[PDB]
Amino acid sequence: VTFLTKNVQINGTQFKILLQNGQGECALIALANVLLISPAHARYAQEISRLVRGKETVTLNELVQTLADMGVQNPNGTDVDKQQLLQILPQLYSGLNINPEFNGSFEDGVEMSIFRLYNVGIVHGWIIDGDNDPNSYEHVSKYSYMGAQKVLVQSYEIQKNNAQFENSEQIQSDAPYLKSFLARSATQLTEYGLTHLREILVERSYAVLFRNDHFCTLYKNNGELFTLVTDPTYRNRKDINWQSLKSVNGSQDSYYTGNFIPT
């Protein structure tokens, strides 16, 4: 229930974006913000633009969903989907189904299809590099985040409470490599993954990024990555619009204005 808007300026142009409340940005908000700000989507996003225009903050989840649902019935990929989006779109606020694979894809799921419906890219950099330990790579690259968490809980249960698991050999084989990978990828972005994001995002294009159990709007400017600042802490700071994404550990990074000048 309920999102503040924020007046922002990006490369000269005025916009209103949606802010997350305190608990972490959802995929639904990141998708909405891409649609709100991405020039390539301007035509398709008239209704969501108008929704937020009249609203010195405050748009509700239900309004945002009705809106997006209307938009999606008119998608232009010619998907025959009825207003059935009303059942689905709320799941993007939750995000609990959205499941990154350690090879850089996401598990195919309804949310991925929603991102396709709106022609909004969705990416992540939580990716094991096969040029590091190849023994790790073979064990881990085939897993998703949920798949991994499942194995790890299972492994703990085997020890703690005993196994009733059919694939216990596989659980016990893979759990150590999964645990080690988690330990080397604490912020759910690897060096290799960062170089992947930088490659795969086209110049002057927007996508939704999964990182740290939440989402954000990512943008590539002059070959450098930036994430949109949706933290309501900065609602009154128009000059705080972007955070650069130049390093995994954030040591080379800082806030930037709408025109990609350091704040």
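Start at 1 with the first residue shown and count on from there.
Undergrad: Comparing 210 to 218 with 224 to 232, where is the mean C-alpha B-factor higher?
TA: Between 224 to 232 and 210 to 218, it is 224 to 232 that shows the higher mean C-alpha B-factor.
Undergrad: Quick check: 146 to 154 versus 164 to 172, which has the larger average CA B-factor in the record?
TA: The deposited B-factors put 164 to 172 ahead on the C-alpha mean.
Undergrad: Whose C-alpha has the highest temperature factor in the PDB entry: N103, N119, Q83, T190?
TA: Largest recorded C-alpha B-factor: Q83.
Undergrad: Can you tell me which of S113, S136, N74, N99 has the highest Cα temperature factor in the record?
TA: Each of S113, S136, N74, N99 was compared by C-alpha B-factor; the highest is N74.
Undergrad: Relative to the other modelled residues of the same chain, rank the CA B-factor of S38 and answer lowest, middle or highest third.
TA: For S38, whose C-alpha B-factor we compare with every modelled residue in the chain, the answer is the middle third.
Undergrad: Split the chain's modelled residues into thirds by Cα B-factor; is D79 in the lowest, middle or highest one?
TA: According to the entry, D79 has a C-alpha B-factor in the chain's highest third.
Undergrad: Split the chain's modelled residues into thirds by Cα B-factor; is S185 in the lowest, middle or highest one?
TA: Bottom third by C-alpha B-factor.
Undergrad: Tell me, lowest, middle or highest third: where does the Cα B factor of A45 rank within its chain?
TA: As the PDB entry reports it, the C-alpha B-factor of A45 lands in the middle third of its chain.
Undergrad: Ordered by C-alpha B-factor within the chain, which third holds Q91? Give me lowest, middle or highest, please.
TA: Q91: CA B-factor falls in the middle third of its chain.
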